[PDB]
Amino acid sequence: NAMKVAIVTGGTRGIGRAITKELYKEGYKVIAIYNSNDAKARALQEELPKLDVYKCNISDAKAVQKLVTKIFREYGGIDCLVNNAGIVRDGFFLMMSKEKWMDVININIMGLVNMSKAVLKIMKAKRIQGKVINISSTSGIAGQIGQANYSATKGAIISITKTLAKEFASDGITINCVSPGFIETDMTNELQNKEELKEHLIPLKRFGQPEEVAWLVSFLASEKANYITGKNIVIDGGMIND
């Protein structure tokens, strides 16, 4: 029972679902935010009855500010924000439309901005020695064919992590980033080249599990990581050189 409040965007499926389950297990009050799938959210809240869930498009800043203000009033503060929501719109760069660029930009970048602005304003005004953990990707670090738009936003996320870490370090807020490689989710379940990935590209020869990303995020949110800030930790079975 940590007596702490955490927001996990994209917190009902995939990596976000595992992060939610891990912080819940550690005794956080968790608020999980999602975009469309009411069924997954309700099913997750039936499994974890103390969880709050909200359908909220994080690219809509006015709805984000309203939701963060609501959460702040019910639980007296915000101790941890995990910016995990994200989308992909793959395609070769020469066939990738403006719309695929702006859709991914508006969620992976502007959604992190909306949540982080609203939450950090509260942490600063109340002098909460809080935590922000962003989820990026090896794609943003090393590049990935067919992912110019995704990789761009994930590189932006790492840079925002470092800038904000410097801006809020004097307020005792740490701001870090976690960059997974290939994780067994649905975002990677439609791949057919999984065997070539494991056999040739990943030294540990397997995909990561959602729970393994959650364990790292939970370490960074805990009081055992207060001297770590501005860092990008890569969880990828050894796949890339950071």
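Don't overthink the numbering: it's just position in the shown sequence, from 1.
S.K.: Looking only at CA atoms, which has the higher mean B factor in the entry: 175-183 or 198-206?
M.R.: For C-alpha atoms only, the mean B-factor is higher in 198-206.
S.K.: Averaging only over Cα atoms, indicate whether 158-166 or 102-110 has the higher B-factor in the PDB entry.
M.R.: The stretch with the larger mean CA B-factor is 102-110.
S.K.: Which one of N84, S139, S116, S97 shows the biggest C-alpha B-factor in the PDB entry?
M.R.: So the option with the highest C-alpha B-factor is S97.
S.K.: Should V64 be placed in the lowest, middle or highest third of its chain by the C-alpha B factor in the entry?
M.R.: For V64, the deposited C-alpha B-factor lands in the highest third.
S.K.: Among all modelled residues of this chain, ranked by Cα B factor, put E26 in the bottom, middle or top third, i.e. lowest, middle or highest.
M.R.: It belongs to the middle third of the chain when residues are ordered by C-alpha B-factor.
S.K.: Comparing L48 with the other modelled residues of its chain, is its CA B-factor in the lowest, middle or highest third?
M.R.: Highest third, going by the recorded CA B-factors of the chain.
S.K.: Classify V132 as lowest, middle or highest third according to the C-alpha B-factor given in the PDB entry, relative to its own chain.
M.R.: It belongs to the lowest third of the chain when residues are ordered by C-alpha B-factor.
S.K.: Is the Cα B-factor recorded for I122 in the lowest, middle or highest third of its chain?
M.R.: For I122, the deposited C-alpha B-factor lands in the middle third.
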